[PDB]
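# The data below comprise the sequence and an experimental structure of the protein.
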Amino acid sequence: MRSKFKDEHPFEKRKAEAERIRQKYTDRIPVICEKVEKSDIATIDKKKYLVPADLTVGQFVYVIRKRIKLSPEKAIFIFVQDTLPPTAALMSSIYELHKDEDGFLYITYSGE
């Protein structure tokens, strides 16, 4: 359940960056998207995202699908603090509830 972005970078710098990003893009959600350790899915090329707050969770799944070029028949599940968020929910609603103390919103994506 550990995050590599969390372990590689100190909390203070992470926190400072998130505040820096929140100030510059007040309409966007800073997102860290990582793969769950033991899933067969591929690994995302780009870890960190500026996500529009009006985007739904399901819309963000779609961006994850097309960033890994996941075959359309394949399945993919997104986890926010080891929960499956509803696709119809706004990422702004997910962010206010599940933002990390550093200010980032941490997702893990799997395949089962």
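Yep, that arrived. Numbering: from 1, shown residues only.

# all helices for this protein, in order.
Assigned by DSSP state H, the chain shows helices spanning 4-8, 11-24, 57-67, 91-98.

# Contacts for the first one, please.
The contact list for helix 4-8 (C-beta atoms under 8 Å, 6 or more residues apart in numbering) reads 14, 32, 34, 47, 48, 102, 104, 106. Backbone N, C-alpha and C define where each C-beta goes, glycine included.

# so who does the residue of the chain most remote from its centre touch?
Relative to the mean C-alpha coordinate of the chain, counting by C-alpha atoms, centre = their mean, the farthest residue is residue 73 (22.1 Å). Applying C-beta under 8 Å, 6+ apart to residue 73 gives no contacts.

# how much space is there between it and residue 79?
The gap separating residue 73 from residue 79 is 21 Å, by C-beta to C-beta, to the nearest Å.

# same question, residue 70
16 Å.

# picking that back up, can I get the helices of the chain in a markdown table with distance to residue 40?
Output for these, formatted as a markdown table (distance: least, C-beta to C-beta, whole Å):
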| stretch | distance to residue 40 |
| --- | --- |
| helix 4-8 | 19 |
| helix 11-24 | 29 |
| helix 57-67 | 15 |
| helix 91-98 | 26 |
